[PDB]
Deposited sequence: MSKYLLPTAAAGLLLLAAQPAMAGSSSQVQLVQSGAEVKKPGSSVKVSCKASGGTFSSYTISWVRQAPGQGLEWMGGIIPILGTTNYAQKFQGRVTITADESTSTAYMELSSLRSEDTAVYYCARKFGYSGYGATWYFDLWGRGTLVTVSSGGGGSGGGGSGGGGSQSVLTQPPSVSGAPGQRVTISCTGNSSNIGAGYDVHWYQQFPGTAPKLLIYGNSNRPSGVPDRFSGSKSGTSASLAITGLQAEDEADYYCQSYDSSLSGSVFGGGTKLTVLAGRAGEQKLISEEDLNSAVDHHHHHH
């Protein structure tokens, strides 16, 4: 499928914005449609989602009583409404499909994303639960690594780690699902691993075209939601 989202909206503090996500196929067939936010200084934040075929909802603690997620199979459109808007809510709001699988440490990942709808609220900081280095540098043709250090609640518990690649001006894109598995279209040079409370993304044969931001995603049971890393800007010298 391809997920198409609504247009950009400028709203005032205390107002409310309601964005739409429509599927190309027109069925929303057994899919879980989630909303992931990217706000300056707060990183990548999962807000919630809905399984339309059941109509059941799931919200993040931080946004509950302030976010409302609905879906309608007739229009094949899901909606997300954020109330009591604040200046910090300015963000690129993404709609994404939430995938699942069956292993001991299975947790969701986000394979398909939309371009994102931009919401500017006009007129603090969130520390990530997963820690990454802000910057990593590497020389062409050499092997480079990026570290993700979760606490005992997520990676220490055994939850799997997924990786997302984000280029300037574009949306996050799945790079590694599971601890080591690659979607089709991802080169063999990219590889993943997990041990203890930490996880690793390894790039071999480094090229200039791998210069981007990389994020790690896990599930934190202390928050009962999906969590992202702070992001790491890879630089190819």
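No C-alpha positions are given in the record for the deposited-sequence stretches 1 to 28, 152 to 163, 278 to 303.
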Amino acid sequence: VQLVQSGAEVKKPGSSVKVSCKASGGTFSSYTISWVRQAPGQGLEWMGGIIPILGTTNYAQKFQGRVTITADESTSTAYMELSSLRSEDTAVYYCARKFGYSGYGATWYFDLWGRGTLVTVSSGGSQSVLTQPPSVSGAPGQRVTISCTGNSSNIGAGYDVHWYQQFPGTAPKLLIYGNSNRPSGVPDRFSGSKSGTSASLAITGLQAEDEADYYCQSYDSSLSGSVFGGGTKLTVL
From here on, numbers count along this sequence of modelled residues.
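In this entry, the higher average B-factor at the C-alpha atoms falls on 67 to 75, of the pair 67 to 75 and 144 to 152. Taking the PDB entry as given, 2 to 10 carries the higher mean Cα B factor of the two stretches 226 to 234 and 2 to 10.
Highest C-alpha temperature factor among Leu201, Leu54, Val186, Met47, as the PDB entry reports it: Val186. The PDB entry gives the largest Cα B-factor of the residues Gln127, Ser137, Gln166, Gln132 to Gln127. The deposited CA B-factor of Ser221 belongs to the middle third of values across its chain. Ranked within its chain, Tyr93 lands in the lowest third, by CA B factor from the PDB record.
Sort the modelled residues of the chain by CA B factor and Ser34 lands in the middle third. When the CA B factors of the chain's modelled residues are split into thirds, the value for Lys62 lands in the highest one. Per-chain ranking of the deposited C-alpha B factor places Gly43 in the lowest third.
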